[PDB]
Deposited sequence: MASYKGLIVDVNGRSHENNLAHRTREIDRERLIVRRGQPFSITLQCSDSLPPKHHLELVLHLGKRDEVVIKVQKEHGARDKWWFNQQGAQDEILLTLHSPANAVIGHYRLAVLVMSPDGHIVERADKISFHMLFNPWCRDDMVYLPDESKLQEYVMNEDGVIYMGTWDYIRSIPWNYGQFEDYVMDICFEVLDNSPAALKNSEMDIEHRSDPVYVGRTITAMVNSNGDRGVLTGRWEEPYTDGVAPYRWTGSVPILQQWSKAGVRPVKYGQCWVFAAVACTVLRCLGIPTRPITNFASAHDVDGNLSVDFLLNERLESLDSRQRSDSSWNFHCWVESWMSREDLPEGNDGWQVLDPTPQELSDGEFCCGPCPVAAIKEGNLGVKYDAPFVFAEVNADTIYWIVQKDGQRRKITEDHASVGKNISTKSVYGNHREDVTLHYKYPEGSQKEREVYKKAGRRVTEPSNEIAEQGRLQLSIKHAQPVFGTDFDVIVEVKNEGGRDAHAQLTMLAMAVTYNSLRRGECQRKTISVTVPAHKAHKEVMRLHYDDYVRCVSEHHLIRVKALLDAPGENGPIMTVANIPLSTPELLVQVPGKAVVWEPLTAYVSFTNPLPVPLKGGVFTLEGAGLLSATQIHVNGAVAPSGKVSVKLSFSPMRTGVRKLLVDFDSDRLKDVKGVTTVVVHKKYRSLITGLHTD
């Protein structure tokens, strides 16, 4: 009868555990780090009476831990008890291999004979990974990187083409309301948890297991996964992937709907959502983007790509055109005690199912080091991840008489400018060398040799002035003869619309010329692409793949992907911003299309600023007319925050904007 109320001191514990952004009113703790709560008593522990503590995990007590009285093991939970005044200070010490999850704490007061004389109200708390605790497997010994890879809620995911990289800001929002609760829900709806709940809980102490589970639930899991993938345009009953500016709306939707795959997502949306959840649970994570991605190859390090003389895949039915313009995945920091010495550090987790086992096989965790050094023998999915960044595709002109002509290509190579956001600033950090030895290096030769990667004048090149969607433009194809004698050759050029995942769409023009380019001189040919022609074939990403063949008197090829730009939203939220103080944000742009756009919707969101919110343009924006809306709202948390905005319309899609707003109030 002595315990009047247990006090978790969450405002305090949560501050110490870097979990208070999530919530202050409930105890959210990290493992391997102690936490202190108090027992407010009415009087005193009856003479020969002592305290007992037992922990409960699982909706059905799948796991119960009796916490030690003191000097405990190292991987053993234990507590220290001390009296303050009219309350008892209980400092709980958890092992660094503690199971993450929602615990319910039962403090028992007992008779000296072995019987419970009273039991206090079972209070619950959540436990996350602790990369700041040196004994934790996710330990990262640099506080500045944990701030970006765990604590930062605003990221930048790179896209576009390797020679023309674009950035799209993303609101990971891992500390937005309830996103933590949904993260444990994703773990609770997985096959393993459904099949055997208790064993699954027991495995939740492992960053490898939990990382592989989250990566699997984001998309590959078809009945309860988080997102439904749709690789092409008619996104009939859902949101198009290029619409999202953050992960929280997808997660709230998935849970709100009773755990129901969200329509729809594409590779970078799976990675960003994976990032939000792993960062939330405490595993250091960063979205990485690969340009010229050998995703399509399905693990094969050698592909000969047969084209006909008209420069086309031999089978008219097949729509895929080799390597993706880019492809995204995620890198998570953790030590790999499940593998030989040396694979510790960043692991590649690819939520995007692998090509040829239909939306079934996600990738990783795979040591990025196993990729660099070519060890395809470690779990998980090293061959597939090594192919993604190393596969060798050789194109061939096969004639109607079976003669195969090898196309020489200058543009070549896969895994071009592997990028991730910079820890300081929003700069692109080229992370390629973490993945591969420089091209041609003898080091590259001996790894390709080890792993099975095959290991093997006129100059063709395509150039453009970065066109804006809506305009007709020219693209130059220049043949440089840096030889001594004159050279006459046949120059074939085509321009076809494409999707980032290399899905061939509309061949909006071809052309073959006969050329004689003189020694040390260069011939420049132009191809004029027009709006009314390419609106017909281009998609939400507005991409045009230009190719040029130069049958050199073997044949020479060069491909270029042209991403046509959309206007950039002007986002402004003027005057000093203060928490819980109403403010007005202003977004505006000018229709670059000589067509009216209707169905204009602006969607706004920001971690700590506001949850996705829509502004419907009433009417239709006239051709070349300026659009201008505004929304009022009151920031939720203080800090340097980023406001994200998306604009969609019938004729203008994929239009973004971001602004930095410093939220005050000391």
ask   = Tell me, which runs of residues in the deposited sequence have no coordinates at all?
value = 1 to 5, 462 to 471, 569 to 571, 685 to 695
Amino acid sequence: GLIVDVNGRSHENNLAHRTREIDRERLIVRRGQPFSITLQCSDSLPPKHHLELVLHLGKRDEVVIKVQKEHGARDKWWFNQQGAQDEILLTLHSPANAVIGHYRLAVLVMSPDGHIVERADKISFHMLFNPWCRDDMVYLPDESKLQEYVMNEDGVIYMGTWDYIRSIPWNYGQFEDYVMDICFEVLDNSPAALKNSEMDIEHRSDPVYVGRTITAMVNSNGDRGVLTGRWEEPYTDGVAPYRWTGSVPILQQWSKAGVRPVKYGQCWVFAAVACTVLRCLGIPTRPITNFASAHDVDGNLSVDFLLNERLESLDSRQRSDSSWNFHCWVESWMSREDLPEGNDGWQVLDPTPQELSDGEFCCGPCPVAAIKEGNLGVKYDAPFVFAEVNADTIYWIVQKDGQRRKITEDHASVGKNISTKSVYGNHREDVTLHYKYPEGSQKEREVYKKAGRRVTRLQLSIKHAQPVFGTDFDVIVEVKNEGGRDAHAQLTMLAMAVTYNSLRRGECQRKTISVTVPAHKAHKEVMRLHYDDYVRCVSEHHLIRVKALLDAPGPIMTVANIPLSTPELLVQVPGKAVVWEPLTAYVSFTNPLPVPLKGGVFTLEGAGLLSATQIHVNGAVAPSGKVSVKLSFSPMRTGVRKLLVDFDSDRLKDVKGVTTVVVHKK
From here on, numbers count along this sequence of modelled residues.
message = When the Cα temperature factors in the entry are averaged, is it 463 to 471 or 377 to 385 that ends up higher?
response = 463 to 471
request  = Return whichever of 197 to 205 and 447 to 455 has the greater mean Cα B factor according to the PDB record.
outcome  = 447 to 455
ask   = Out of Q33, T638, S42, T38, which shows the largest CA B-factor listed in the entry?
value = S42
key: Criterion, highest CA B-factor; candidates, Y139, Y500, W268, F589   = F589
inquiry  = When the deposited Cα B-factors of this chain's modelled residues are ordered and cut into thirds, is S413 in the lowest, the middle or the highest one?
reply    = highest
query = With respect to C-alpha B-factor, does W580 fall in the lowest, middle or highest third of the chain as deposited?
reply = highest
Among modelled residues of the same chain, the CA temperature factor third for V662 = lowest
request  = Select lowest, middle or highest to describe the third in which the CA B-factor of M217 falls within its chain in this entry.
outcome  = middle
ask   = Hey, what third does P261 fall into on Cα B-factor, ranked over its chain?
value = lowest
